[PDB]
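The data below hold one chain only, encoded as structure tokens and taken in the form solved without the named molecule.
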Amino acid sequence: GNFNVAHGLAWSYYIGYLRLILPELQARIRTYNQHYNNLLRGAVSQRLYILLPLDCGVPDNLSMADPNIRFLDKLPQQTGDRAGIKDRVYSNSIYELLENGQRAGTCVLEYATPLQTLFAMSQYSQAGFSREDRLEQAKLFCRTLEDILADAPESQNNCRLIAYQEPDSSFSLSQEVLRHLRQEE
């Protein structure tokens, strides 16, 4: 039950998003860094950072949560004709991570959108899922996504999953991403 739901969303996240964008991402980041960002310490990192809040709380504005996360720019758009929709575009947003009034990191950052479906399905009676089902579904989504990416040809050190339990006044989202960014080289 909680397995089959998470399993389906994780695969849909891969087939309809990650497998299509991850192959070209490093070229899009490289082009951006070469032409638009000649800051020797302000380079966009080479990986998509995907935020997996395990409570499934996904704000549509990622900057609002944390004064130390500021929207910088959009990467160059990627467009595809998909199921009779001409030029279905994929956009990715670059964010500035601030630490002690200084820029500490710059990366392509987003939430995993499917967690918003797990939240909704816990809220609507017709879906038939409790809040304890949603936590199990969030965990199994993360584990299934990690398992897909481990054997995926399009995952070439170009994707990092960031999972955390904090929904909070003692939690810094910028600090959470900065710890992952700094661990890599």
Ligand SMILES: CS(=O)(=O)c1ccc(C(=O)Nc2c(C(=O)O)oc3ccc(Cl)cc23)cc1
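Residue numbers here begin at 1 and follow the sequence given.
This next part talks about the form deposited with the named molecule bound, which is not shown.
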item	value
Shown-form site status with respect to the named molecule as positioned in the deposited complex after superposition (2.4 Å backbone/C-beta criterion, 3+ atoms)	blocked
In the deposited complex, residue 41 touching the named molecule (heavy atom, 4.5 Å)	no
Contact test in the deposited complex: residue 47 vs the named molecule, heavy atoms, 4.5 Å	no
Contact test in the deposited complex: residue 129 vs the named molecule, heavy atoms, 4.5 Å	no
Contact of residue 28 with the named molecule in the deposited complex (heavy atom, 4.5 Å)	yes
Which of 143 to 151, 31 to 39, 156 to 164, 130 to 138 lines the interface with the named molecule in the deposited complex (heavy atom within 4.5 Å)	31 to 39
In the deposited complex, residues of 52 to 77 near the named molecule [heavy atom within 4.5 Å]	76, 77
